[PDB]
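As provided, work.txt (compact mmCIF, C-alpha atoms) reads as follows.
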# COMPACT_ATOMS: atom_id res chain seq x y z
CA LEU A 1 82.11 99.84 64.93
CA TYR A 2 83.16 99.89 68.59
CA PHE A 3 83.20 102.63 71.23
CA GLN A 4 85.43 102.26 74.30
CA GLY A 5 83.85 105.17 76.16
CA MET A 6 85.62 107.99 77.96
CA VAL A 7 88.39 107.21 80.41
CA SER A 8 89.57 110.02 82.66
CA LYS A 9 93.21 110.91 83.28
CA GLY A 10 92.64 109.83 86.89
CA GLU A 11 91.25 106.43 85.90
CA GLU A 12 94.17 105.77 83.54
CA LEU A 13 96.72 106.56 86.26
CA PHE A 14 95.74 103.33 88.02
CA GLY A 15 95.96 100.90 85.09
CA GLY A 16 99.17 99.37 86.45
CA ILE A 17 101.25 99.14 89.62
CA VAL A 18 101.55 102.50 91.41
CA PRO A 19 104.07 103.26 94.17
CA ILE A 20 102.56 104.55 97.41
CA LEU A 21 103.95 106.78 100.14
CA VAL A 22 102.19 107.44 103.45
CA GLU A 23 103.21 110.02 106.04
CA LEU A 24 101.31 110.45 109.29
CA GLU A 25 101.81 112.82 112.20
CA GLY A 26 99.78 111.97 115.29
CA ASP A 27 99.02 113.16 118.80
CA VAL A 28 96.85 110.96 121.01
CA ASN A 29 96.29 112.25 124.55
CA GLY A 30 99.54 114.23 124.24
CA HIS A 31 101.53 111.23 122.98
CA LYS A 32 103.19 112.45 119.77
CA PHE A 33 104.24 109.99 117.07
CA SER A 34 105.11 109.72 113.38
CA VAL A 35 104.52 106.89 110.91
CA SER A 36 105.99 106.42 107.44
CA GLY A 37 104.67 103.88 104.95
CA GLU A 38 105.83 102.61 101.57
CA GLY A 39 104.43 100.08 99.14
CA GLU A 40 102.43 99.73 95.98
CA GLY A 41 98.88 99.48 94.74
CA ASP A 42 97.33 97.52 91.90
CA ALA A 43 93.76 98.80 91.42
CA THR A 44 93.15 96.22 88.68
CA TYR A 45 93.02 93.68 91.51
CA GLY A 46 92.17 96.09 94.35
CA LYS A 47 95.48 95.04 95.87
CA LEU A 48 97.65 96.97 98.33
CA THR A 49 101.00 95.84 99.74
CA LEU A 50 102.35 98.25 102.35
CA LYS A 51 104.86 98.43 105.17
CA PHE A 52 104.59 101.06 107.89
CA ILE A 53 107.23 102.18 110.36
CA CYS A 54 106.84 104.18 113.54
CA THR A 55 109.78 106.53 113.13
CA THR A 56 109.54 107.95 116.67
CA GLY A 57 110.05 104.68 118.56
CA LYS A 58 107.20 102.81 120.22
CA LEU A 59 103.77 103.45 118.73
CA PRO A 60 101.62 104.71 121.64
CA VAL A 61 98.42 103.19 120.19
CA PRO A 62 97.79 99.75 118.68
CA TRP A 63 98.67 99.37 115.00
CA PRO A 64 95.23 97.97 114.13
CA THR A 65 93.64 101.29 115.17
CA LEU A 66 95.63 103.16 112.49
CA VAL A 67 94.98 100.86 109.53
CA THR A 68 91.94 102.70 108.18
CA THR A 69 93.68 106.08 108.50
CA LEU A 70 96.94 104.99 106.86
CA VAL A 72 94.06 105.22 99.75
CA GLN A 73 90.68 104.01 98.53
CA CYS A 74 91.59 105.21 95.05
CA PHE A 75 93.13 101.71 94.79
CA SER A 76 89.74 100.02 95.08
CA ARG A 77 88.80 97.65 92.29
CA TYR A 78 85.63 99.02 90.75
CA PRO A 79 83.97 96.38 88.59
CA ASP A 80 83.63 97.49 84.97
CA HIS A 81 79.86 97.96 85.35
CA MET A 82 80.52 100.26 88.34
CA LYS A 83 83.35 102.40 86.99
CA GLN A 84 80.97 105.36 86.65
CA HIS A 85 80.75 105.41 90.46
CA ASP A 86 84.45 105.74 91.30
CA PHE A 87 84.82 109.15 92.93
CA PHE A 88 88.33 108.45 94.20
CA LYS A 89 90.02 108.04 90.81
CA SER A 90 87.89 110.71 89.12
CA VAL A 91 89.60 113.56 90.96
CA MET A 92 93.13 112.36 90.21
CA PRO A 93 95.77 113.41 89.92
CA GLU A 94 94.84 116.58 91.82
CA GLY A 95 93.54 114.39 94.61
CA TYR A 96 91.02 114.56 97.44
CA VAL A 97 90.93 115.49 101.11
CA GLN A 98 89.82 112.64 103.35
CA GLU A 99 88.54 113.47 106.82
CA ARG A 100 87.24 111.16 109.52
CA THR A 101 86.07 110.98 113.05
CA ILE A 102 86.56 107.54 114.57
CA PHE A 103 84.67 106.95 117.80
CA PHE A 104 86.05 104.17 119.96
CA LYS A 105 83.10 102.89 121.98
CA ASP A 106 83.55 103.60 125.71
CA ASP A 107 86.85 105.34 124.97
CA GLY A 108 88.30 108.27 123.01
CA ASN A 109 88.10 109.40 119.41
CA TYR A 110 90.46 110.05 116.51
CA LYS A 111 89.96 112.98 114.17
CA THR A 112 91.96 112.69 110.97
CA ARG A 113 92.71 114.99 108.05
CA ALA A 114 94.48 113.70 104.94
CA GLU A 115 95.58 114.85 101.51
CA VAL A 116 95.65 112.09 98.88
CA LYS A 117 97.19 112.98 95.52
CA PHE A 118 99.92 112.15 93.04
CA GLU A 119 103.43 113.48 93.38
CA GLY A 120 104.80 112.50 90.00
CA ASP A 121 104.02 108.82 89.49
CA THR A 122 103.64 108.19 93.22
CA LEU A 123 100.34 108.20 95.11
CA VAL A 124 100.88 110.04 98.40
CA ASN A 125 98.73 110.02 101.56
CA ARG A 126 99.70 112.82 104.00
CA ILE A 127 97.83 112.60 107.31
CA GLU A 128 97.40 114.46 110.58
CA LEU A 129 95.71 112.52 113.39
CA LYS A 130 94.42 113.95 116.68
CA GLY A 131 93.16 111.67 119.46
CA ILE A 132 91.49 112.90 122.64
CA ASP A 133 89.42 111.65 125.56
CA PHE A 134 91.20 108.29 125.72
CA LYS A 135 91.42 106.20 128.89
CA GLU A 136 94.89 105.58 130.32
CA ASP A 137 94.33 101.89 130.94
CA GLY A 138 91.76 101.52 128.18
CA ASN A 139 91.97 99.18 125.20
CA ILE A 140 93.76 101.76 123.07
CA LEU A 141 96.40 103.34 125.32
CA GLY A 142 96.69 100.05 127.25
CA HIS A 143 97.44 98.09 124.07
CA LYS A 144 94.74 95.46 124.61
CA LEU A 145 93.86 94.83 120.96
CA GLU A 146 94.73 91.73 118.94
CA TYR A 147 96.96 92.05 115.86
CA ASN A 148 95.46 90.11 112.98
CA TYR A 149 92.75 90.86 110.40
CA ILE A 150 90.24 93.67 109.72
CA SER A 151 87.35 93.12 107.30
CA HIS A 152 84.29 95.32 106.84
CA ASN A 153 82.17 97.09 104.23
CA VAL A 154 82.67 100.83 103.73
CA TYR A 155 79.28 102.34 102.87
CA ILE A 156 79.49 105.25 100.43
CA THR A 157 76.94 107.93 99.53
CA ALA A 158 77.17 111.04 97.37
CA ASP A 159 77.47 114.44 99.02
CA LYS A 160 76.23 116.74 96.24
CA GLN A 161 76.39 119.87 98.41
CA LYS A 162 80.16 119.43 98.85
CA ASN A 163 80.76 117.90 95.42
CA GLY A 164 82.13 114.79 97.11
CA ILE A 165 81.20 111.72 99.11
CA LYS A 166 80.46 110.57 102.63
CA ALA A 167 81.13 107.15 104.09
CA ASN A 168 80.32 105.24 107.26
CA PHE A 169 81.34 101.89 108.69
CA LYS A 170 81.82 100.01 111.94
CA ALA A 171 85.21 98.42 112.47
CA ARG A 172 85.38 95.79 115.21
CA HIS A 173 88.78 95.20 116.81
CA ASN A 174 89.15 92.03 118.88
CA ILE A 175 90.32 92.62 122.45
CA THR A 176 92.86 90.25 124.01
CA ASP A 177 90.24 88.97 126.47
CA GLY A 178 88.01 87.81 123.60
CA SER A 179 85.71 90.84 123.68
CA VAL A 180 85.40 93.46 120.93
CA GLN A 181 86.21 97.16 120.60
CA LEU A 182 83.93 99.06 118.23
CA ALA A 183 85.52 101.81 116.15
CA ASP A 184 82.67 103.77 114.57
CA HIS A 185 83.92 105.52 111.44
CA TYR A 186 82.47 108.67 109.84
CA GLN A 187 84.15 109.84 106.65
CA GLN A 188 84.10 112.73 104.18
CA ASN A 189 85.97 113.10 100.88
CA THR A 190 86.22 116.37 98.92
CA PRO A 191 88.13 117.19 95.70
CA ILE A 192 91.24 119.35 96.04
CA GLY A 193 90.93 120.78 92.52
CA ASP A 194 88.11 122.57 90.71
CA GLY A 195 87.74 119.87 88.04
CA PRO A 196 84.80 117.57 87.28
CA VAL A 197 84.05 114.76 89.73
CA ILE A 198 82.04 111.55 89.76
CA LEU A 199 79.21 111.53 92.29
CA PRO A 200 78.33 107.88 92.86
CA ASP A 201 75.11 106.05 93.56
CA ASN A 202 75.06 104.30 96.94
CA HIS A 203 77.49 101.39 97.11
CA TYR A 204 80.17 99.91 99.34
CA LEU A 205 83.82 98.87 99.43
CA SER A 206 84.38 95.33 100.68
CA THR A 207 87.74 95.69 102.42
CA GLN A 208 90.03 93.06 103.95
CA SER A 209 93.35 93.86 105.66
CA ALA A 210 95.85 91.21 106.78
CA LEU A 211 98.41 92.36 109.34
CA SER A 212 101.82 90.76 109.77
CA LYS A 213 105.41 91.41 110.85
CA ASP A 214 108.76 91.58 109.05
CA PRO A 215 111.06 89.16 110.94
CA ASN A 216 114.08 91.27 109.97
CA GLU A 217 112.60 94.59 111.13
CA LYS A 218 113.75 95.99 114.48
CA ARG A 219 111.56 99.10 114.40
CA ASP A 220 107.94 99.11 115.56
CA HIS A 221 106.12 98.40 112.30
CA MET A 222 103.20 96.86 110.44
CA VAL A 223 103.15 94.87 107.21
CA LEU A 224 99.81 95.01 105.41
CA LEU A 225 98.27 93.02 102.57
CA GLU A 226 94.92 94.55 101.69
CA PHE A 227 92.17 93.94 99.14
CA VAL A 228 89.40 96.42 98.37
CA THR A 229 86.54 95.74 95.97
CA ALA A 230 83.56 97.96 95.16
CA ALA A 231 80.16 96.26 95.24
CA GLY A 232 76.45 96.81 95.84
CA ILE A 233 75.30 97.79 92.36
CA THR A 234 74.07 95.15 89.91
As structure tokens - that is how I would like this structure written.
Amino acid sequence: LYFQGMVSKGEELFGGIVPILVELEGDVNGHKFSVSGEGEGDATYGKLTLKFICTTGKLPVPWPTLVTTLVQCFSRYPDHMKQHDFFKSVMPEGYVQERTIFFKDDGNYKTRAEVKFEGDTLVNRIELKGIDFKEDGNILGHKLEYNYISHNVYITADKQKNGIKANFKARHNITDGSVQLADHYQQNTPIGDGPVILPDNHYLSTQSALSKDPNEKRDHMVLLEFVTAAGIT
């Protein structure tokens, strides 16, 4: 006699390949811009393939600084950790994701996003506000390398808000060989009134590879990303 255990509607929604849409509206130091993204996610392998387009012309900030803002519901949670996956638990109704990202010795981004299903498509709708940035700084001066971002996202339960918090330090290489710290603070809250999973402490090992489409004439970013939950034995 075998028991498979309960699987939530949210969990089951990610069993295969899911189309993804991303829509971002941003304003950094008065520079307004819009980004649209399309691709797909395969949570079985923690795999994301995405292409983003700046639909307003030239992106006024470096693409690498927008990666983390532009769907952690696609994380691969190992079987023994599936009881700690907040992101899928709240689906399809979704979660709000908010961040403040502090660029060391420069400005900050504040972001607000709604992540939920529209039909069979996982949608990430974002508003980004950046202030206190230096004109000739690493961000507005486009002094960051375009390559590869890899860090652990540290997650803790936020029982008071029936959600989670996260923190991590992204380190963007500067073109002179130095490094630009982007200190991330994150909150996720369910949109609906349904039951949620509140996880034990763990992290998401995340790797993003940035590239270009040789046939694309718009300002854009191609992304291959892998995200795996870890930290619990």
Point (95.1, 103.2, 112.9) neighbourhood (12 Å, all atoms listed in the file) written as an MDAnalysis selection string: chainID A and resid 24:26 28 34:35 52 54 59:70 100:102 104 109:112 127:131 140 145 147 150 171 173 183 185 209 211 222
Export of prior selection with C-alpha atoms as a short mmCIF file (atom, residue, chain, number, x, y, z; two decimals), keeping the file's coordinate frame:
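Result file is result-v9.cif:
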data_model
loop_
_atom_site.label_atom_id
_atom_site.label_comp_id
_atom_site.auth_asym_id
_atom_site.auth_seq_id
_atom_site.Cartn_x
_atom_site.Cartn_y
_atom_site.Cartn_z
CA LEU A 24 101.31 110.45 109.29
CA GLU A 25 101.81 112.82 112.20
CA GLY A 26 99.78 111.97 115.29
CA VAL A 28 96.85 110.96 121.01
CA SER A 34 105.11 109.72 113.38
CA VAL A 35 104.52 106.89 110.91
CA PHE A 52 104.59 101.06 107.89
CA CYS A 54 106.84 104.18 113.54
CA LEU A 59 103.77 103.45 118.73
CA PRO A 60 101.62 104.71 121.64
CA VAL A 61 98.42 103.19 120.19
CA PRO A 62 97.79 99.75 118.68
CA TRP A 63 98.67 99.37 115.00
CA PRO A 64 95.23 97.97 114.13
CA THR A 65 93.64 101.29 115.17
CA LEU A 66 95.63 103.16 112.49
CA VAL A 67 94.98 100.86 109.53
CA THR A 68 91.94 102.70 108.18
CA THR A 69 93.68 106.08 108.50
CA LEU A 70 96.94 104.99 106.86
CA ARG A 100 87.24 111.16 109.52
CA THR A 101 86.07 110.98 113.05
CA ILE A 102 86.56 107.54 114.57
CA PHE A 104 86.05 104.17 119.96
CA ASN A 109 88.10 109.40 119.41
CA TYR A 110 90.46 110.05 116.51
CA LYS A 111 89.96 112.98 114.17
CA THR A 112 91.96 112.69 110.97
CA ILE A 127 97.83 112.60 107.31
CA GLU A 128 97.40 114.46 110.58
CA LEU A 129 95.71 112.52 113.39
CA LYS A 130 94.42 113.95 116.68
CA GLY A 131 93.16 111.67 119.46
CA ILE A 140 93.76 101.76 123.07
CA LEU A 145 93.86 94.83 120.96
CA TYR A 147 96.96 92.05 115.86
CA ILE A 150 90.24 93.67 109.72
CA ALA A 171 85.21 98.42 112.47
CA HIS A 173 88.78 95.20 116.81
CA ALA A 183 85.52 101.81 116.15
CA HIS A 185 83.92 105.52 111.44
CA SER A 209 93.35 93.86 105.66
CA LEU A 211 98.41 92.36 109.34
CA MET A 222 103.20 96.86 110.44
#
From A:182, A:192, A:225, A:72, residue lying nearest residue 122 (chain A) [all atoms listed in the file]: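 Result for the nearest residue to residue 122 (chain A): A:72.
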Which residue of A:142, A:178, A:232, A:95 approaches residue 9 (chain A) most closely, using all atoms listed in the file: A:95
Two-atom distance - CA of residue 12 (chain A), CA of residue 231 (chain A) (Å):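 Rounded to one decimal, the two atoms are 20.6 Å apart.
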Residue 46 (chain A) surroundings by all atoms listed in the file, 12 Å radius, close-in-sequence under 5 positions cut, as number ranges by chain: A: 14-18, 40-41, 72-79, 205-209, 225-230
Residues of the last selection are to be written out with C-alpha atoms, as an mmCIF file, keeping the file's coordinate frame.
data_model
loop_
_atom_site.group_PDB
_atom_site.id
_atom_site.type_symbol
_atom_site.label_atom_id
_atom_site.label_comp_id
_atom_site.auth_asym_id
_atom_site.auth_seq_id
_atom_site.Cartn_x
_atom_site.Cartn_y
_atom_site.Cartn_z
ATOM 1 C CA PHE A 14 95.740 103.330 88.020
ATOM 2 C CA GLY A 15 95.960 100.900 85.090
ATOM 3 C CA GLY A 16 99.170 99.370 86.450
ATOM 4 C CA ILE A 17 101.250 99.140 89.620
ATOM 5 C CA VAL A 18 101.550 102.500 91.410
ATOM 6 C CA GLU A 40 102.430 99.730 95.980
ATOM 7 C CA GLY A 41 98.880 99.480 94.740
ATOM 8 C CA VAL A 72 94.060 105.220 99.750
ATOM 9 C CA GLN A 73 90.680 104.010 98.530
ATOM 10 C CA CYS A 74 91.590 105.210 95.050
ATOM 11 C CA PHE A 75 93.130 101.710 94.790
ATOM 12 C CA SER A 76 89.740 100.020 95.080
ATOM 13 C CA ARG A 77 88.800 97.650 92.290
ATOM 14 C CA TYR A 78 85.630 99.020 90.750
ATOM 15 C CA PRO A 79 83.970 96.380 88.590
ATOM 16 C CA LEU A 205 83.820 98.870 99.430
ATOM 17 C CA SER A 206 84.380 95.330 100.680
ATOM 18 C CA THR A 207 87.740 95.690 102.420
ATOM 19 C CA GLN A 208 90.030 93.060 103.950
ATOM 20 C CA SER A 209 93.350 93.860 105.660
ATOM 21 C CA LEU A 225 98.270 93.020 102.570
ATOM 22 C CA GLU A 226 94.920 94.550 101.690
ATOM 23 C CA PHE A 227 92.170 93.940 99.140
ATOM 24 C CA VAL A 228 89.400 96.420 98.370
ATOM 25 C CA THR A 229 86.540 95.740 95.970
ATOM 26 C CA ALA A 230 83.560 97.960 95.160
#
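Compared by their closest atoms to residue 87 (chain A), and using only C-alpha atoms, the residues A:224, A:204, A:5, A:165 rank with A:165 nearest.
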Nearest to residue 194 (chain A) by atom-to-atom distance, counting all atoms listed in the file, from A:86, A:94, A:38, A:80: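 Checking each candidate against residue 194 (chain A), we get A:94 as the closest.
Residue nearest residue 33 (chain A), chosen from A:203, A:220, A:196, A:19 and counting only C-alpha atoms: A:220.
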Best match for closeness to residue 159 (chain A) among A:202, A:55, A:212, A:180, counting all atoms listed in the file: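 Result for the nearest residue to residue 159 (chain A): A:202.
Of note, CA of residue 186 (chain A) and CA of residue 91 (chain A) are spaced 20.8 Å apart.
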Computed interatomic separation between CA of residue 172 (chain A) and CA of residue 190 (chain A) (Å):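 Atom-to-atom, CA of residue 172 (chain A) to CA of residue 190 (chain A), that is 26.3 Å.
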Nearby residues (all atoms listed in the file) at most 7 Å from residue 116 (chain A), same-chain spacing under 6 positions excluded, as number ranges by chain: A: 95-97, 124-126
Point (82.1, 110.9, 100.7), cut-off 9 Å, counting all atoms listed in the file, residues as a PyMOL selection string: chain A and resi 87+98+156-159+162-168+187-190+199
Return as JSON the box centre and box size in Å, one decimal, for an axis-aligned box around all listed atoms of region 92-109 of chain A padded by 6 Å per side.
{"center_x": 89.4, "center_y": 109.7, "center_z": 107.8, "size_x": 24.7, "size_y": 25.7, "size_z": 47.8}
With N, CA and C atoms as the target, complete region 121-140 of chain A and hand it back as a PDB file, in the coordinates of the input.
ATOM      1  N   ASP A 121     104.686 110.100  89.728  1.00  0.00           N
ATOM      2  CA  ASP A 121     104.020 108.820  89.490  1.00  0.00           C
ATOM      3  C   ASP A 121     103.651 108.114  90.785  1.00  0.00           C
ATOM      4  N   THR A 122     103.865 108.790  91.906  1.00  0.00           N
ATOM      5  CA  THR A 122     103.640 108.190  93.220  1.00  0.00           C
ATOM      6  C   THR A 122     102.369 108.731  93.875  1.00  0.00           C
ATOM      7  N   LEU A 123     101.528 107.823  94.367  1.00  0.00           N
ATOM      8  CA  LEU A 123     100.340 108.200  95.110  1.00  0.00           C
ATOM      9  C   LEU A 123     100.732 108.428  96.563  1.00  0.00           C
ATOM     10  N   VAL A 124     100.470 109.635  97.060  1.00  0.00           N
ATOM     11  CA  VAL A 124     100.880 110.040  98.400  1.00  0.00           C
ATOM     12  C   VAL A 124      99.682 110.316  99.306  1.00  0.00           C
ATOM     13  N   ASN A 125      99.747 109.804 100.533  1.00  0.00           N
ATOM     14  CA  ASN A 125      98.730 110.020 101.560  1.00  0.00           C
ATOM     15  C   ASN A 125      99.401 110.730 102.739  1.00  0.00           C
ATOM     16  N   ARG A 126      99.132 112.026 102.899  1.00  0.00           N
ATOM     17  CA  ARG A 126      99.700 112.820 104.000  1.00  0.00           C
ATOM     18  C   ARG A 126      98.613 113.046 105.040  1.00  0.00           C
ATOM     19  N   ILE A 127      98.868 112.632 106.279  1.00  0.00           N
ATOM     20  CA  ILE A 127      97.830 112.600 107.310  1.00  0.00           C
ATOM     21  C   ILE A 127      98.244 113.314 108.594  1.00  0.00           C
ATOM     22  N   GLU A 128      97.290 114.018 109.194  1.00  0.00           N
ATOM     23  CA  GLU A 128      97.400 114.460 110.580  1.00  0.00           C
ATOM     24  C   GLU A 128      96.298 113.788 111.388  1.00  0.00           C
ATOM     25  N   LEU A 129      96.665 113.214 112.529  1.00  0.00           N
ATOM     26  CA  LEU A 129      95.710 112.520 113.390  1.00  0.00           C
ATOM     27  C   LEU A 129      95.746 113.129 114.794  1.00  0.00           C
ATOM     28  N   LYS A 130      94.561 113.396 115.338  1.00  0.00           N
ATOM     29  CA  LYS A 130      94.420 113.950 116.680  1.00  0.00           C
ATOM     30  C   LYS A 130      93.492 113.050 117.477  1.00  0.00           C
ATOM     31  N   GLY A 131      93.981 112.514 118.591  1.00  0.00           N
ATOM     32  CA  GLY A 131      93.160 111.670 119.460  1.00  0.00           C
ATOM     33  C   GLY A 131      92.999 112.302 120.827  1.00  0.00           C
ATOM     34  N   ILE A 132      91.764 112.345 121.317  1.00  0.00           N
ATOM     35  CA  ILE A 132      91.490 112.900 122.640  1.00  0.00           C
ATOM     36  C   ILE A 132      90.514 112.038 123.417  1.00  0.00           C
ATOM     37  N   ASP A 133      90.454 112.254 124.727  1.00  0.00           N
ATOM     38  CA  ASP A 133      89.420 111.650 125.560  1.00  0.00           C
ATOM     39  C   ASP A 133      89.619 110.141 125.674  1.00  0.00           C
ATOM     40  N   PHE A 134      90.873 109.707 125.605  1.00  0.00           N
ATOM     41  CA  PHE A 134      91.200 108.290 125.720  1.00  0.00           C
ATOM     42  C   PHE A 134      91.523 107.913 127.161  1.00  0.00           C
ATOM     43  N   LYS A 135      91.189 106.683 127.535  1.00  0.00           N
ATOM     44  CA  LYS A 135      91.420 106.200 128.890  1.00  0.00           C
ATOM     45  C   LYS A 135      92.819 105.610 129.036  1.00  0.00           C
ATOM     46  N   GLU A 136      93.496 105.961 130.124  1.00  0.00           N
ATOM     47  CA  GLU A 136      94.890 105.580 130.320  1.00  0.00           C
ATOM     48  C   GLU A 136      95.072 104.070 130.154  1.00  0.00           C
ATOM     49  N   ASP A 137      94.114 103.303 130.667  1.00  0.00           N
ATOM     50  CA  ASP A 137      94.330 101.890 130.940  1.00  0.00           C
ATOM     51  C   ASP A 137      93.305 101.227 130.032  1.00  0.00           C
ATOM     52  N   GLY A 138      92.741 102.017 129.123  1.00  0.00           N
ATOM     53  CA  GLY A 138      91.760 101.520 128.180  1.00  0.00           C
ATOM     54  C   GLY A 138      92.366 100.603 127.136  1.00  0.00           C
ATOM     55  N   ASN A 139      91.541 100.156 126.195  1.00  0.00           N
ATOM     56  CA  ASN A 139      91.970  99.180 125.200  1.00  0.00           C
ATOM     57  C   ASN A 139      92.967  99.768 124.208  1.00  0.00           C
ATOM     58  N   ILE A 140      92.928 101.087 124.050  1.00  0.00           N
ATOM     59  CA  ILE A 140      93.760 101.760 123.070  1.00  0.00           C
ATOM     60  C   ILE A 140      95.135 102.097 123.645  1.00  0.00           C
TER      61      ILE A 140
END
